[PDB]
Structures are given as structure tokens and as C-alpha cells.
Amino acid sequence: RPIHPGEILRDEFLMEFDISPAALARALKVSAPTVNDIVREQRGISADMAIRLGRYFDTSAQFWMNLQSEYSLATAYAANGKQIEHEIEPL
């Protein structure tokens, strides 16, 4: 239930089109470990990257961004979620 925006790039744009991380940052005109570290589930999706990524693969920008925010949000919960209702229950 936390899916990295990475896994999605790899498991379906890279692999589908048989593009390498090295070749992708070459198209995106960003450096090599930029695209590689997002692929490895070690970096996230900046908004500069979701603009590049969406431009290339013909998708909306938010699509990457919302792939991110579900990853970031899943990860704040299950780290501190219940330790927050026991903190703020108000309205």
C-alpha cells in the first residue's frame, strides 16, 4: 500500500519501452543518478522531475506528483499515524 513512484517508472515505463535509466535522464536532460536513484526507490519525484517525466512519456504532470504524495502520505502514517490520533482527536 505504499507504492514508490520509482517502482512505477521502472515496472512500467522503462520496462515497457525498454529504456534504461541512463538513456532516460539523457532524454530528460538531467544527470545520471538523478533518474537512477528515483528508479531504485531512493529518491522521490520533485516537481521539476514530474514536469520532465510527464513531458516525455506523454502524461499529466500531477500523475507523477500524485504518485509521490500517496507514497509520502502512506509513509507518514504507519510511522506516526496512530501516534497522532492519540495526539489530536479534535474538530
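Note that residue numbering follows the sequence shown and begins at 1.
Here the stretch with the larger average CA B-factor, out of 81 to 89 and 4 to 12, is 81 to 89. Among the modelled residues of its chain, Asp37 has a C-alpha B-factor that falls in the lowest third according to the deposited record. In this PDB entry, the Cα temperature factor of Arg52 sits in the middle third of its chain's modelled residues. The entry lists a Cα temperature factor for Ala22 that places it in the middle third of the chain's modelled residues.
Sorting the modelled residues of the chain by their CA temperature factor places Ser46 in the lowest third. Ranked by Cα temperature factor within the chain, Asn66 sits in the middle third according to the deposited record.
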